[PDB]
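Next comes upload.cif, with mmCIF, C-alpha atoms and all ligand atoms.
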```cif
data_upload
loop_
_atom_site.group_PDB
_atom_site.id
_atom_site.type_symbol
_atom_site.label_atom_id
_atom_site.label_comp_id
_atom_site.auth_asym_id
_atom_site.auth_seq_id
_atom_site.Cartn_x
_atom_site.Cartn_y
_atom_site.Cartn_z
ATOM 1 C CA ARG A 29 -24.509 -25.126 24.323
ATOM 2 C CA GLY A 30 -21.934 -22.480 23.428
ATOM 3 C CA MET A 31 -19.946 -24.403 20.827
ATOM 4 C CA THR A 32 -18.767 -21.727 18.394
ATOM 5 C CA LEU A 33 -15.794 -19.457 18.911
ATOM 6 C CA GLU A 34 -18.190 -16.501 18.877
ATOM 7 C CA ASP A 35 -20.270 -18.009 21.686
ATOM 8 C CA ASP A 36 -17.142 -18.752 23.701
ATOM 9 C CA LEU A 37 -15.892 -15.186 23.243
ATOM 10 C CA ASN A 38 -19.244 -13.748 24.289
ATOM 11 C CA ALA A 39 -19.083 -15.723 27.534
ATOM 12 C CA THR A 40 -15.428 -14.792 27.963
ATOM 13 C CA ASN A 41 -15.865 -11.061 27.385
ATOM 14 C CA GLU A 42 -18.901 -10.944 29.679
ATOM 15 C CA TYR A 43 -16.794 -12.612 32.380
ATOM 16 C CA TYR A 44 -13.904 -10.175 31.936
ATOM 17 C CA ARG A 45 -16.330 -7.244 32.235
ATOM 18 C CA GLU A 46 -18.322 -8.555 35.193
ATOM 19 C CA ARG A 47 -15.215 -9.515 37.160
ATOM 20 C CA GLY A 48 -13.471 -6.190 36.499
ATOM 21 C CA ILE A 49 -10.624 -7.520 34.357
ATOM 22 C CA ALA A 50 -11.176 -5.826 30.980
ATOM 23 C CA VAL A 51 -13.897 -3.996 29.065
ATOM 24 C CA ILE A 52 -14.099 -5.604 25.647
ATOM 25 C CA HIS A 53 -17.176 -5.847 23.426
ATOM 26 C CA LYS A 54 -18.153 -7.296 20.070
ATOM 27 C CA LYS A 55 -19.231 -4.392 17.862
ATOM 28 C CA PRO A 56 -22.878 -4.353 16.748
ATOM 29 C CA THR A 57 -23.437 -5.681 13.223
ATOM 30 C CA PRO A 58 -23.593 -2.846 10.642
ATOM 31 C CA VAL A 59 -27.161 -2.385 9.398
ATOM 32 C CA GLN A 60 -27.498 1.261 8.368
ATOM 33 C CA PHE A 79 -26.566 -6.442 6.324
ATOM 34 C CA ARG A 80 -23.605 -4.275 5.324
ATOM 35 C CA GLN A 81 -19.962 -5.354 5.569
ATOM 36 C CA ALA A 82 -17.990 -3.852 8.459
ATOM 37 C CA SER A 83 -14.892 -1.770 7.729
ATOM 38 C CA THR A 84 -13.196 -2.785 10.979
ATOM 39 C CA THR A 85 -12.582 -5.914 13.036
ATOM 40 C CA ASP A 86 -15.402 -7.150 15.298
ATOM 41 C CA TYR A 87 -13.911 -6.851 18.784
ATOM 42 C CA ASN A 88 -12.287 -4.043 20.715
ATOM 43 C CA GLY A 89 -12.014 -2.498 24.136
ATOM 44 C CA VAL A 90 -9.672 -1.494 26.916
ATOM 45 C CA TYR A 91 -7.213 -3.385 29.107
ATOM 46 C CA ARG A 92 -4.584 -1.735 31.321
ATOM 47 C CA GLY A 93 -5.159 1.565 29.519
ATOM 48 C CA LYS A 94 -4.330 0.048 26.143
ATOM 49 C CA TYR A 95 -6.573 -0.364 23.114
ATOM 50 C CA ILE A 96 -7.284 -4.055 22.398
ATOM 51 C CA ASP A 97 -8.598 -5.004 18.957
ATOM 52 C CA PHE A 98 -9.140 -8.410 17.387
ATOM 53 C CA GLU A 99 -10.975 -10.561 14.887
ATOM 54 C CA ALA A 100 -11.982 -14.143 15.661
ATOM 55 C CA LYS A 101 -12.386 -16.896 13.092
ATOM 56 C CA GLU A 102 -12.557 -20.684 13.089
ATOM 57 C CA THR A 103 -12.078 -23.445 10.532
ATOM 58 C CA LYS A 104 -12.689 -27.173 10.179
ATOM 59 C CA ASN A 105 -9.419 -27.416 8.233
ATOM 60 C CA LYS A 106 -6.846 -29.355 10.255
ATOM 61 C CA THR A 107 -3.593 -28.214 8.644
ATOM 62 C CA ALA A 108 -4.051 -24.606 7.502
ATOM 63 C CA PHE A 109 -6.165 -21.547 8.202
ATOM 64 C CA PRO A 110 -8.018 -20.161 5.128
ATOM 65 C CA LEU A 111 -7.492 -16.454 4.501
ATOM 66 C CA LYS A 112 -10.912 -16.155 2.842
ATOM 67 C CA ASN A 113 -12.192 -15.801 6.416
ATOM 68 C CA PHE A 114 -10.869 -12.228 6.289
ATOM 69 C CA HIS A 115 -11.340 -9.295 3.923
ATOM 70 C CA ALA A 116 -9.199 -6.350 2.810
ATOM 71 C CA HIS A 117 -10.922 -3.736 4.970
ATOM 72 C CA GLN A 118 -10.287 -5.713 8.164
ATOM 73 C CA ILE A 119 -6.608 -6.080 7.281
ATOM 74 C CA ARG A 120 -6.253 -2.376 6.473
ATOM 75 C CA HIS A 121 -7.891 -1.562 9.814
ATOM 76 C CA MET A 122 -5.483 -3.855 11.656
ATOM 77 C CA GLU A 123 -2.552 -2.174 9.904
ATOM 78 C CA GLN A 124 -3.742 1.199 11.215
ATOM 79 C CA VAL A 125 -4.316 -0.084 14.760
ATOM 80 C CA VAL A 126 -0.797 -1.532 14.867
ATOM 81 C CA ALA A 127 0.709 1.732 13.589
ATOM 82 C CA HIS A 128 -0.971 3.663 16.411
ATOM 83 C CA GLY A 129 0.197 1.488 19.283
ATOM 84 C CA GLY A 130 -2.847 -0.700 19.716
ATOM 85 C CA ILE A 131 -2.663 -4.375 20.700
ATOM 86 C CA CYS A 132 -4.140 -6.118 17.673
ATOM 87 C CA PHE A 133 -4.429 -9.821 16.908
ATOM 88 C CA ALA A 134 -6.568 -12.593 15.508
ATOM 89 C CA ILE A 135 -8.001 -15.436 17.561
ATOM 90 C CA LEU A 136 -7.857 -18.471 15.269
ATOM 91 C CA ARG A 137 -9.524 -21.754 16.093
ATOM 92 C CA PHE A 138 -9.134 -25.158 14.467
ATOM 93 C CA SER A 139 -12.529 -26.490 15.581
ATOM 94 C CA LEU A 140 -11.898 -30.177 14.880
ATOM 95 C CA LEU A 141 -8.728 -30.054 16.978
ATOM 96 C CA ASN A 142 -10.119 -27.928 19.810
ATOM 97 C CA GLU A 143 -7.066 -25.701 19.443
ATOM 98 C CA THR A 144 -7.354 -21.916 19.699
ATOM 99 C CA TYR A 145 -4.492 -19.488 19.041
ATOM 100 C CA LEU A 146 -3.733 -15.799 19.379
ATOM 101 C CA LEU A 147 -1.763 -14.500 16.376
ATOM 102 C CA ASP A 148 -0.442 -10.941 16.343
ATOM 103 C CA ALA A 149 -1.899 -8.791 13.569
ATOM 104 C CA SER A 150 1.562 -8.273 12.071
ATOM 105 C CA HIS A 151 1.673 -11.942 11.056
ATOM 106 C CA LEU A 152 -1.873 -12.036 9.701
ATOM 107 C CA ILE A 153 -1.220 -8.829 7.752
ATOM 108 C CA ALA A 154 1.969 -10.305 6.276
ATOM 109 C CA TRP A 155 0.203 -13.477 5.172
ATOM 110 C CA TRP A 156 -2.695 -11.530 3.740
ATOM 111 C CA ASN A 157 -0.182 -9.465 1.738
ATOM 112 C CA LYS A 158 1.787 -12.521 0.625
ATOM 113 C CA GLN A 159 -1.482 -13.997 -0.621
ATOM 114 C CA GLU A 160 -2.129 -10.817 -2.567
ATOM 115 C CA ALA A 161 1.383 -11.078 -4.010
ATOM 116 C CA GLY A 162 0.658 -14.555 -5.373
ATOM 117 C CA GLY A 163 1.295 -16.699 -2.302
ATOM 118 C CA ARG A 164 -0.858 -19.443 -0.819
ATOM 119 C CA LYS A 165 -4.377 -18.593 0.304
ATOM 120 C CA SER A 166 -4.152 -20.243 3.709
ATOM 121 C CA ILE A 167 -1.728 -19.989 6.624
ATOM 122 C CA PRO A 168 0.013 -23.308 7.361
ATOM 123 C CA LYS A 169 -0.856 -24.427 10.886
ATOM 124 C CA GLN A 170 2.845 -24.773 11.725
ATOM 125 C CA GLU A 171 3.219 -21.044 11.005
ATOM 126 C CA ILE A 172 0.458 -20.312 13.503
ATOM 127 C CA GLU A 173 2.039 -22.594 16.105
ATOM 128 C CA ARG A 174 5.398 -20.930 15.446
ATOM 129 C CA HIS A 175 4.360 -17.274 15.558
ATOM 130 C CA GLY A 176 1.123 -17.588 17.501
ATOM 131 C CA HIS A 177 0.253 -18.404 21.098
ATOM 132 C CA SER A 178 -1.902 -21.277 22.317
ATOM 133 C CA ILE A 179 -4.783 -19.879 24.391
ATOM 134 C CA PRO A 180 -5.753 -21.675 27.637
ATOM 135 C CA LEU A 181 -9.275 -23.091 27.623
ATOM 136 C CA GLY A 182 -11.347 -23.447 30.749
ATOM 137 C CA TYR A 183 -14.673 -23.206 32.476
ATOM 138 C CA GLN A 184 -14.476 -19.484 33.180
ATOM 139 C CA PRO A 185 -13.193 -17.655 31.294
ATOM 140 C CA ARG A 186 -13.680 -20.126 28.447
ATOM 141 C CA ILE A 187 -10.936 -18.651 26.254
ATOM 142 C CA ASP A 188 -8.387 -16.899 28.475
ATOM 143 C CA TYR A 189 -6.836 -14.699 25.818
ATOM 144 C CA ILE A 190 -6.152 -11.927 28.342
ATOM 145 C CA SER A 191 -3.712 -14.225 30.149
ATOM 146 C CA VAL A 192 -1.820 -14.429 26.854
ATOM 147 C CA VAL A 193 -2.108 -10.698 26.181
ATOM 148 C CA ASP A 194 -0.645 -9.993 29.623
ATOM 149 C CA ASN A 195 2.494 -12.058 29.047
ATOM 150 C CA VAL A 196 3.017 -11.074 25.413
ATOM 151 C CA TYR A 197 2.288 -7.346 25.304
ATOM 152 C CA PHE A 198 3.040 -6.151 28.845
ATOM 153 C CA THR A 199 5.988 -5.829 31.219
ATOM 154 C CA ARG A 200 5.440 -8.722 33.636
ATOM 155 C CA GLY B 30 -23.818 16.761 6.968
ATOM 156 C CA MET B 31 -24.454 19.499 9.524
ATOM 157 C CA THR B 32 -24.870 17.433 12.686
ATOM 158 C CA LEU B 33 -22.127 16.769 15.211
ATOM 159 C CA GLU B 34 -22.257 13.137 14.083
ATOM 160 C CA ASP B 35 -21.580 14.110 10.471
ATOM 161 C CA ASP B 36 -18.717 16.384 11.498
ATOM 162 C CA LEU B 37 -17.185 13.608 13.600
ATOM 163 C CA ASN B 38 -17.452 11.145 10.721
ATOM 164 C CA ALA B 39 -15.549 13.525 8.451
ATOM 165 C CA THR B 40 -13.028 14.232 11.220
ATOM 166 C CA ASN B 41 -12.371 10.595 12.096
ATOM 167 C CA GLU B 42 -11.986 9.654 8.429
ATOM 168 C CA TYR B 43 -9.397 12.431 8.092
ATOM 169 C CA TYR B 44 -7.529 11.273 11.201
ATOM 170 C CA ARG B 45 -7.312 7.717 9.854
ATOM 171 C CA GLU B 46 -6.228 8.682 6.341
ATOM 172 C CA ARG B 47 -3.606 11.112 7.654
ATOM 173 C CA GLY B 48 -2.230 8.618 10.159
ATOM 174 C CA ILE B 49 -3.179 10.692 13.197
ATOM 175 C CA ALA B 50 -5.536 8.336 15.066
ATOM 176 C CA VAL B 51 -7.854 5.389 14.405
ATOM 177 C CA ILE B 52 -11.292 6.097 15.837
ATOM 178 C CA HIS B 53 -14.677 4.794 14.692
ATOM 179 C CA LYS B 54 -18.323 5.257 15.570
ATOM 180 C CA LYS B 55 -19.879 1.940 16.531
ATOM 181 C CA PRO B 56 -22.862 0.789 14.445
ATOM 182 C CA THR B 57 -26.278 1.277 16.059
ATOM 183 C CA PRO B 58 -27.648 -1.930 17.657
ATOM 184 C CA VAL B 59 -30.507 -3.513 15.698
ATOM 185 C CA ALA B 77 -36.612 -3.618 12.433
ATOM 186 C CA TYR B 78 -36.183 -2.850 16.135
ATOM 187 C CA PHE B 79 -33.520 -0.382 17.263
ATOM 188 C CA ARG B 80 -31.719 -1.736 20.324
ATOM 189 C CA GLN B 81 -30.162 0.559 22.927
ATOM 190 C CA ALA B 82 -26.357 0.439 23.043
ATOM 191 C CA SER B 83 -24.555 -0.832 26.141
ATOM 192 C CA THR B 84 -21.532 1.398 25.506
ATOM 193 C CA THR B 85 -20.646 4.863 24.256
ATOM 194 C CA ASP B 86 -20.623 5.359 20.486
ATOM 195 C CA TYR B 87 -16.950 6.122 19.786
ATOM 196 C CA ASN B 88 -13.664 4.445 20.594
ATOM 197 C CA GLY B 89 -10.257 3.725 19.153
ATOM 198 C CA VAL B 90 -6.574 4.373 19.679
ATOM 199 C CA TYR B 91 -4.272 7.387 19.752
ATOM 200 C CA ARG B 92 -0.606 7.330 20.760
ATOM 201 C CA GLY B 93 -0.994 3.873 22.264
ATOM 202 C CA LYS B 94 -3.897 4.825 24.517
ATOM 203 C CA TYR B 95 -7.516 3.700 24.487
ATOM 204 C CA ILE B 96 -9.827 6.590 23.508
ATOM 205 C CA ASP B 97 -13.563 6.460 24.216
ATOM 206 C CA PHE B 98 -16.235 9.140 24.007
ATOM 207 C CA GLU B 99 -19.849 10.070 23.460
ATOM 208 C CA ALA B 100 -20.869 13.091 21.403
ATOM 209 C CA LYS B 101 -24.078 15.031 21.915
ATOM 210 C CA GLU B 102 -25.411 18.425 20.884
ATOM 211 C CA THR B 103 -28.105 20.816 22.051
ATOM 212 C CA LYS B 104 -29.832 23.975 20.845
ATOM 213 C CA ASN B 105 -29.942 25.249 24.429
ATOM 214 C CA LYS B 106 -27.606 28.227 24.782
ATOM 215 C CA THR B 107 -26.999 28.296 28.538
ATOM 216 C CA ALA B 108 -26.802 24.684 29.734
ATOM 217 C CA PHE B 109 -26.354 21.140 28.449
ATOM 218 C CA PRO B 110 -29.289 18.759 29.156
ATOM 219 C CA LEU B 111 -28.150 15.533 30.835
ATOM 220 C CA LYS B 112 -31.098 13.695 29.280
ATOM 221 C CA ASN B 113 -28.874 13.424 26.206
ATOM 222 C CA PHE B 114 -27.099 10.568 27.999
ATOM 223 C CA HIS B 115 -28.390 7.405 29.650
ATOM 224 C CA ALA B 116 -27.295 5.250 32.596
ATOM 225 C CA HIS B 117 -25.663 2.554 30.459
ATOM 226 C CA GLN B 118 -23.314 5.055 28.806
ATOM 227 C CA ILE B 119 -22.350 6.605 32.139
ATOM 228 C CA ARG B 120 -21.625 3.192 33.652
ATOM 229 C CA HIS B 121 -19.505 2.302 30.621
ATOM 230 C CA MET B 122 -17.531 5.529 31.001
ATOM 231 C CA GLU B 123 -16.950 4.719 34.676
ATOM 232 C CA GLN B 124 -15.550 1.336 33.639
ATOM 233 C CA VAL B 125 -13.298 2.854 30.962
ATOM 234 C CA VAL B 126 -11.913 5.379 33.450
ATOM 235 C CA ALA B 127 -11.234 2.610 35.975
ATOM 236 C CA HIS B 128 -9.316 0.673 33.336
ATOM 237 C CA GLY B 129 -7.020 3.561 32.445
ATOM 238 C CA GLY B 130 -8.619 4.739 29.239
ATOM 239 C CA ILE B 131 -9.017 8.329 28.067
ATOM 240 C CA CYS B 132 -12.747 8.966 28.265
ATOM 241 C CA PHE B 133 -14.718 12.133 27.623
ATOM 242 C CA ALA B 134 -17.829 13.648 26.125
ATOM 243 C CA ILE B 135 -17.859 16.011 23.159
ATOM 244 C CA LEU B 136 -20.573 18.565 23.927
ATOM 245 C CA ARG B 137 -21.818 20.926 21.261
ATOM 246 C CA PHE B 138 -23.985 24.013 21.658
ATOM 247 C CA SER B 139 -25.163 24.142 18.041
ATOM 248 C CA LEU B 140 -26.577 27.668 18.159
ATOM 249 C CA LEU B 141 -23.415 29.094 19.734
ATOM 250 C CA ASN B 142 -21.161 27.187 17.327
ATOM 251 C CA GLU B 143 -19.246 26.090 20.424
ATOM 252 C CA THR B 144 -17.933 22.553 20.934
ATOM 253 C CA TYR B 145 -16.227 21.330 24.108
ATOM 254 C CA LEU B 146 -14.379 18.282 25.365
ATOM 255 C CA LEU B 147 -15.353 17.373 28.941
ATOM 256 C CA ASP B 148 -13.588 14.584 30.823
ATOM 257 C CA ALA B 149 -15.812 11.664 31.771
ATOM 258 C CA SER B 150 -15.038 12.243 35.455
ATOM 259 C CA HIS B 151 -16.991 15.505 35.324
ATOM 260 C CA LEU B 152 -19.889 14.158 33.270
ATOM 261 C CA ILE B 153 -20.173 11.160 35.593
ATOM 262 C CA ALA B 154 -20.212 13.399 38.675
ATOM 263 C CA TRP B 155 -22.899 15.684 37.249
ATOM 264 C CA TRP B 156 -25.024 12.791 36.017
ATOM 265 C CA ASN B 157 -24.898 10.962 39.355
ATOM 266 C CA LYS B 158 -25.953 14.109 41.223
ATOM 267 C CA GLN B 159 -29.316 14.145 39.441
ATOM 268 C CA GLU B 160 -30.733 11.233 41.434
ATOM 269 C CA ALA B 161 -29.575 13.087 44.547
ATOM 270 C CA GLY B 162 -31.740 16.040 43.564
ATOM 271 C CA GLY B 163 -29.224 17.905 41.433
ATOM 272 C CA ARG B 164 -30.183 19.803 38.294
ATOM 273 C CA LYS B 165 -30.892 17.947 35.053
ATOM 274 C CA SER B 166 -28.450 20.043 33.030
ATOM 275 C CA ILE B 167 -24.858 21.261 33.189
ATOM 276 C CA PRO B 168 -24.431 25.061 33.111
ATOM 277 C CA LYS B 169 -22.395 26.087 30.067
ATOM 278 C CA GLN B 170 -20.167 28.051 32.451
ATOM 279 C CA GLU B 171 -19.215 24.834 34.248
ATOM 280 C CA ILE B 172 -18.330 23.167 30.956
ATOM 281 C CA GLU B 173 -16.129 26.109 29.973
ATOM 282 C CA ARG B 174 -14.480 25.979 33.398
ATOM 283 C CA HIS B 175 -13.797 22.243 33.631
ATOM 284 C CA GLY B 176 -13.920 21.428 29.931
ATOM 285 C CA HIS B 177 -11.884 22.455 26.898
ATOM 286 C CA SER B 178 -12.927 24.300 23.752
ATOM 287 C CA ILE B 179 -12.319 22.310 20.564
ATOM 288 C CA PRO B 180 -10.917 24.094 17.468
ATOM 289 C CA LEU B 181 -13.167 24.032 14.397
ATOM 290 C CA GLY B 182 -12.012 24.106 10.796
ATOM 291 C CA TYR B 183 -12.340 22.801 7.271
ATOM 292 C CA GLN B 184 -10.299 19.649 7.852
ATOM 293 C CA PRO B 185 -10.354 18.303 10.452
ATOM 294 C CA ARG B 186 -13.782 19.798 11.166
ATOM 295 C CA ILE B 187 -13.661 19.146 14.925
ATOM 296 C CA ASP B 188 -10.012 18.850 16.011
ATOM 297 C CA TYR B 189 -10.615 17.094 19.311
ATOM 298 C CA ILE B 190 -7.382 15.117 19.024
ATOM 299 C CA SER B 191 -5.426 18.370 19.366
ATOM 300 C CA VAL B 192 -7.163 18.867 22.716
ATOM 301 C CA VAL B 193 -6.691 15.231 23.716
ATOM 302 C CA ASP B 194 -2.970 15.464 22.999
ATOM 303 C CA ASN B 195 -2.573 18.620 25.086
ATOM 304 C CA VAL B 196 -4.751 17.454 27.981
ATOM 305 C CA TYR B 197 -3.920 13.765 28.393
ATOM 306 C CA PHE B 198 -0.248 13.626 27.399
ATOM 307 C CA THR B 199 2.892 15.144 28.919
ATOM 308 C CA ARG B 200 4.619 17.777 26.781
HETATM 309 MG MG MG A 301 -15.381 -7.390 10.789
HETATM 310 MG MG MG A 302 -24.330 4.845 23.065
#
```
As structure tokens - that is how I would like this structure written.
Amino acid sequence: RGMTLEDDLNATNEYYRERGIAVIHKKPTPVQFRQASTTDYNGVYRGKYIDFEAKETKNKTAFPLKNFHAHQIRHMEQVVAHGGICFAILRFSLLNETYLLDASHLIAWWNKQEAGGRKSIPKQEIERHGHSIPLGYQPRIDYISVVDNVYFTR
Amino acid sequence: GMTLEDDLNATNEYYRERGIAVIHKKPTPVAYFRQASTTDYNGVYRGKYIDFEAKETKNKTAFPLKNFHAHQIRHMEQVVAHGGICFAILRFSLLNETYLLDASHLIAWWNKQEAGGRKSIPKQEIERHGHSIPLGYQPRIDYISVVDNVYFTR
């Protein structure tokens, strides 16, 4: 059960809410299936606005940018400009490795792609600029532990 | 668009395009319409989490609490506990009056119902504890001007 990144995040976000750690939800799918103009997850943690998109790939050496679209990137650009904590949770399924990558890096790669660059982010770039997320029983994907250390004054 | 919802859509689009704030209305949960587990609007402004519900009434002396449900109130309580800016935008359509009321007040009034309290908030109470929101061509409902003056230090 619960194999996909989406399933793991559902279990994780429910845990964070029920245990009083953070209030983050996956936005309902736009019906009136239309394509969303924002990222799928957002909420509040320590008074700050948290916003992220989560994608996974079977690729073992690079993360395909086709997993994202222009509107999501534009939205992330706006969130960053307004002081929100924005990132992508990227999983390499076949390696059981999940990373948190700040939106600034995803935005840059998306733009480079648009400028004629490669259409996938090399995994080494994600390891370099991103943060490995601890996996466990509960929460399954402890991305808040990473958010704490990266975006707040410990 | 004449409804409060339409006015907020036009207002939020303006705020995003002008680089003032990034706020969106969440899609309605779904040929069966599911009831939302959170309030309809959230986003970021000046690095803070913003969250609100917007309702309107044709009543000219009090705002019916039936316009909100338990799930939304509980969500607001959680947002407040986690340091977010949370409020309700209440519009008296026939008076052409729109107010911002902090969640703390809405929560208090809503919880008093089960105790035997009235099922509506007197407009006088909203004027007393709430804040009138300036109306215009663009933005139509300038609630961010109120948010900035009420939740941030000059
Ligand atoms: Mg999306
Ligand atoms: Mg709602």
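The space between atom CA of residue B:94 and atom CA of residue A:94 spans 5.1 Å.
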What is the atom CA of residue A:43 to atom CA of residue B:115 distance in Å?
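Between atom CA of residue A:43 and atom CA of residue B:115 the gap works out to 23.3 Å.
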Nearby polymer residues, ligand MG 301 (chain A), at most 7 Å, only C-alpha atoms and all ligand atoms, as a ChimeraX atom specification:
/A:82-86,99,118
Residues of chain A that have any atom at most 6 Å from an atom of chain B: could you tabulate them with the shortest-distance atom pair and the distance in Å to one decimal, using only C-alpha atoms, ordered by chain and increasing number, as CSV?
```
residue,atom,partner,partner_atom,distance
A:56,CA,B:58,CA,5.4
A:58,CA,B:56,CA,5.3
A:92,CA,B:128,CA,5.7
A:93,CA,B:129,CA,4.0
A:94,CA,B:94,CA,5.1
A:95,CA,B:95,CA,4.4
A:128,CA,B:92,CA,5.7
A:129,CA,B:93,CA,4.0
A:130,CA,B:93,CA,5.6
```
Using only C-alpha atoms, give me every residue within 10 Å of (1.0, -7.8, 10.3) in file coordinates, as a PyMOL selection string.
chain A and resi 119-120+122-123+126+132-133+147-157
Could you state the separation of atom CA of residue A:146 and atom CA of residue A:177 in Å, given to one decimal place?
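About the pair atom CA of residue A:146 and atom CA of residue A:177: they are 5.1 Å apart.
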Decode the PyMOL selection byres (((chain A and resi 103) around 12) and not hetatm) for the given file into explicit residues and return them as a VMD selection string.
chain A and resid 32 to 33 100 to 102 104 to 113 135 to 144 166 to 167 169
Assuming the chain letters and numbering stay as they are in my file, what does the PyMOL selection byres (((chain B and resi 172) around 9) and not hetatm) actually select? List them as JSON, numbers by chain.
{"B": [108, 109, 136, 145, 146, 147, 151, 167, 168, 169, 170, 171, 173, 174, 175, 176, 177]}
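Restricting the calculation to only C-alpha atoms, the smallest distance between residue B:33 and any of B:132, B:187, B:117, B:180 is found for B:187.
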Spatial neighbours of stretch 191-200 of chain A, 9 Å, all atoms listed in the file, chain gap at least 2 places, as an NGL selection string
:A and (131 or 146 or 177-180 or 188-189)
Could you save those same residues with C-alpha atoms as an mmCIF file, keeping the file's coordinate frame?
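Output file selection32.cif follows:
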```
data_model
loop_
_atom_site.group_PDB
_atom_site.id
_atom_site.type_symbol
_atom_site.label_atom_id
_atom_site.label_comp_id
_atom_site.auth_asym_id
_atom_site.auth_seq_id
_atom_site.Cartn_x
_atom_site.Cartn_y
_atom_site.Cartn_z
ATOM 1 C CA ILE A 131 -2.663 -4.375 20.700
ATOM 2 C CA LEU A 146 -3.733 -15.799 19.379
ATOM 3 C CA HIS A 177 0.253 -18.404 21.098
ATOM 4 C CA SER A 178 -1.902 -21.277 22.317
ATOM 5 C CA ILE A 179 -4.783 -19.879 24.391
ATOM 6 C CA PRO A 180 -5.753 -21.675 27.637
ATOM 7 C CA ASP A 188 -8.387 -16.899 28.475
ATOM 8 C CA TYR A 189 -6.836 -14.699 25.818
#
```
Could you rebuild stretch 79-91 of chain A with N, CA, C and O atoms and give it back as a compact mmCIF listing (two decimals), keeping the file's coordinate frame?
```
# COMPACT_ATOMS: atom_id res chain seq x y z
N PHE A 79 -27.83 -6.31 5.55
CA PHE A 79 -26.57 -6.44 6.32
C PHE A 79 -25.37 -5.94 5.52
O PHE A 79 -25.01 -6.52 4.50
N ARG A 80 -24.76 -4.85 5.99
CA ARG A 80 -23.60 -4.28 5.32
C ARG A 80 -22.32 -4.87 5.90
O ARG A 80 -22.32 -5.39 7.01
N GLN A 81 -21.24 -4.81 5.13
CA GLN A 81 -19.96 -5.35 5.57
C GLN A 81 -19.18 -4.33 6.38
O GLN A 81 -18.98 -3.19 5.95
N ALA A 82 -18.74 -4.73 7.57
CA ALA A 82 -17.99 -3.85 8.46
C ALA A 82 -16.64 -3.46 7.87
O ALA A 82 -16.04 -4.22 7.10
N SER A 83 -16.17 -2.27 8.22
CA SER A 83 -14.89 -1.77 7.73
C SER A 83 -13.80 -1.93 8.78
O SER A 83 -12.67 -1.49 8.59
N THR A 84 -14.15 -2.56 9.90
CA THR A 84 -13.20 -2.78 10.98
C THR A 84 -13.36 -4.21 11.48
O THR A 84 -14.24 -4.94 11.01
N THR A 85 -12.51 -4.59 12.42
CA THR A 85 -12.58 -5.91 13.04
C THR A 85 -13.78 -5.89 13.99
O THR A 85 -14.28 -4.81 14.33
N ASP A 86 -14.22 -7.06 14.43
CA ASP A 86 -15.40 -7.15 15.30
C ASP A 86 -15.26 -6.88 16.79
O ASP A 86 -16.24 -6.52 17.44
N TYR A 87 -14.07 -7.05 17.35
CA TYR A 87 -13.91 -6.85 18.78
C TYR A 87 -12.90 -5.79 19.17
O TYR A 87 -11.85 -5.67 18.57
N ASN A 88 -13.23 -5.02 20.20
CA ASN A 88 -12.29 -4.04 20.72
C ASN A 88 -12.68 -3.59 22.11
O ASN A 88 -13.79 -3.85 22.59
N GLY A 89 -11.74 -2.95 22.79
CA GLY A 89 -12.01 -2.50 24.14
C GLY A 89 -10.75 -2.04 24.82
O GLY A 89 -9.73 -1.79 24.16
N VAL A 90 -10.80 -1.96 26.14
CA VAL A 90 -9.67 -1.49 26.92
C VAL A 90 -9.17 -2.49 27.96
O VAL A 90 -9.95 -3.21 28.59
N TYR A 91 -7.85 -2.53 28.12
CA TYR A 91 -7.21 -3.38 29.11
C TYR A 91 -5.92 -2.69 29.51
O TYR A 91 -5.07 -2.41 28.66
```
